[PDB]
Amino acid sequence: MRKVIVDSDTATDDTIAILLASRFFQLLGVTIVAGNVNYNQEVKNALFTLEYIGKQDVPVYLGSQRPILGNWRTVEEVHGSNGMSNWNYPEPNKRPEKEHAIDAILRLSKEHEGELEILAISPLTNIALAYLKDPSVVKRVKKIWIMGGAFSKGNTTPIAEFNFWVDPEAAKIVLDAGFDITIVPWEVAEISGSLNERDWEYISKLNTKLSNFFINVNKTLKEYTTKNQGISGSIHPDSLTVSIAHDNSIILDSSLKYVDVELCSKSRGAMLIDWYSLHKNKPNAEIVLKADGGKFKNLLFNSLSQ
């Protein structure tokens, strides 16, 4: 079985991404990073999630409580005040581990050398800081699956997607490190990570433990997505990314390009792609261009059905 770490800013769809990761892979741990909502709450949400889903022995490690330069805002309008659509859930009794996420990533990369894969469904701060501490980590990590970036439809600024915007320095460091990277950008999630009202009716009538979990945590994500898309639905970028890592045929089309990240001015966080290979930098990532949404929906439905 393939071995993963999920690096998460735990709220809403990140929780479903962990759920899915715990079924498809040997989940060696969940590392926490600043992003979506208050960090302590993110940590609470991850521990509760792993407990609820019967994976109490997956360790949670605390990582950076800020991006490298400390410039971001939380998005409670998308995820709820608690990152769980204000579902007042029962306090978990699971606790985090002592080891820092940076130390854990570096350790797990030695123990599982050549096999470790990272599902990076958050700002890239922990991975960038691990790499700066020990650059030989690139020898040992098999693959990184990154949710982030946008071609043009920034969801946070006009141009920038949330993860890259929170920590563009981290994104830049990770992209030029020399990892094997596939990137799942926002536009691909918007189309292929989408659920419509009938998909919601169907999940809602499942009345399983995991289906009620899904409805409960993602209520605010659906409200927000419905507002911005102008049709009832929700968008699930981290679940899609985890599904693609597992089943690579969910990728219908992709390209190997040189991907850069703007650090400055109004365009801070922008994903800059040398589409025409005119600028003499070597390709550093596979960018997903089209994905199979039906196939994601069925993996998701199946996991909530169990």
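From 1 onward, residues are counted along the sequence shown.
Taking the mean C-alpha B-factor of each stretch as recorded, 146-154 and 232-240 are not equal, and the higher mean is that of 232-240. Mean CA temperature factor is higher for 50-58 when stretches 31-39 and 50-58 are set side by side in the entry. When the Cα B-factors of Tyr89, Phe164, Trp186, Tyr131 are read from the PDB record, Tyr89 comes out highest. The residue among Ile203, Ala170, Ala104, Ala177 whose C-alpha atom has the highest B-factor in the PDB entry is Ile203. Sort the modelled residues of the chain by CA B factor and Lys44 lands in the highest third.
Per-chain ranking of the deposited C-alpha B factor places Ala160 in the lowest third. When the modelled residues of the chain are ordered by their C-alpha B factor, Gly114 lands in the highest third. Per the PDB record, residue ranking by Cα B-factor puts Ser255 in the middle third of the chain. Ranked by C-alpha B-factor against the other modelled residues of its chain, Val217 falls in the highest third.
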